[PDB]
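Form deposited without this ligand, single chain, as structure tokens, below.
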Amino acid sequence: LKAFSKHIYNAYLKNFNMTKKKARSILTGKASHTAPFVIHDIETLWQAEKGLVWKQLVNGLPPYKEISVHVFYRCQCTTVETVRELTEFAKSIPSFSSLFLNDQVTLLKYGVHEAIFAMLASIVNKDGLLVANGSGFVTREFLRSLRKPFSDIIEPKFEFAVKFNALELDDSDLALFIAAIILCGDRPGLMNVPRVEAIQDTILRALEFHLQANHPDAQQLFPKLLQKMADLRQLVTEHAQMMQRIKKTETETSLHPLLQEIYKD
């Protein structure tokens, strides 16, 4: 069961560009590494959009862009990229790839944002989060200063993150936690529910034993992670409701087609 756990952890190490270990060494928890440029206002954002590069979007901010919309587009680039990694992470686990492709799409459709938000914590601290593969740090206050639609879709994520990082989980813990969120036999339209439930239960029993070893002193941690999965469920529900309002009221902001395929139902 722990051999199954190491296989999930390696799938994680091979498919994710940023790990909590590496993220923690950047904002300096103890083992400092290197640099992060701070974007805390329009001037520094402009400087980042030149200095730490990025190249791909970065279009004007008057006729149909503006500081707040440009930041939202950046959020989209980031979420679509993490979706690609999550997909390769899932495909790297045998049981997941054995399922018929339609079931794989259904699982990813309803669980990728729950995983994204769980992972967001790894690169978040009370004051901000890293961007551009760790090369930058965007302050929490700056994000809050954005127009009222875009400035409040990210704030609740910080509140989750802070409370989530208090559990002090490591990458090996996260590998299993994310796998558990993706292999959820409770998703709408799942064709083979029994098979999925079976894979999930197995992931959850390996997670439980893994904590037993990894966190021998933490009490009620496993059931606590279970409540978090439930909280993540509600966080995504609120997130989608907010994405709904932006689509209805923010006529100039474009929406990535892939992210459009996820929320549609």
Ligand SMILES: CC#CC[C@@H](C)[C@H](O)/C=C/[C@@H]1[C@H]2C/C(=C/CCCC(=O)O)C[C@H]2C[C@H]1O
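Residue indices: 1-based, along the sequence shown.
The protein also exists as the form solved in complex with this ligand; that form is not presented, and the subsequent description refers to it.
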query	finding
Blocked or open, judged by overlaying this ligand from its pose in the deposited bound form and testing 2.4 Å from backbone or C-beta atoms	open
The unique member of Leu176, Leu169, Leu183, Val138 whose heavy atoms fall within 4.5 Å of this ligand in the deposited bound form	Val138
One residue of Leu204, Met229, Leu45, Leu27 in contact with this ligand, assessed in the deposited bound form (non-hydrogen atom, 4.5 angstroms)	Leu45
Partner proximity in the deposited bound form: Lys65 to this ligand, non-hydrogen atom cutoff 4.5 Å	no
Contact of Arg233 with this ligand in the deposited bound form (heavy atom, 4.5 Å)	no
Touches this ligand in the deposited bound form: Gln76 (any heavy atom, 4.5 Å)	yes
is_contact(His215, this ligand) in the deposited bound form, heavy atom dist at most 4.5 Å	no
Region of this chain that lies against this ligand in the deposited bound form, out of 65-73, 207-215, 27-35, 221-229 [heavy atom, 4.5 Å]	65-73
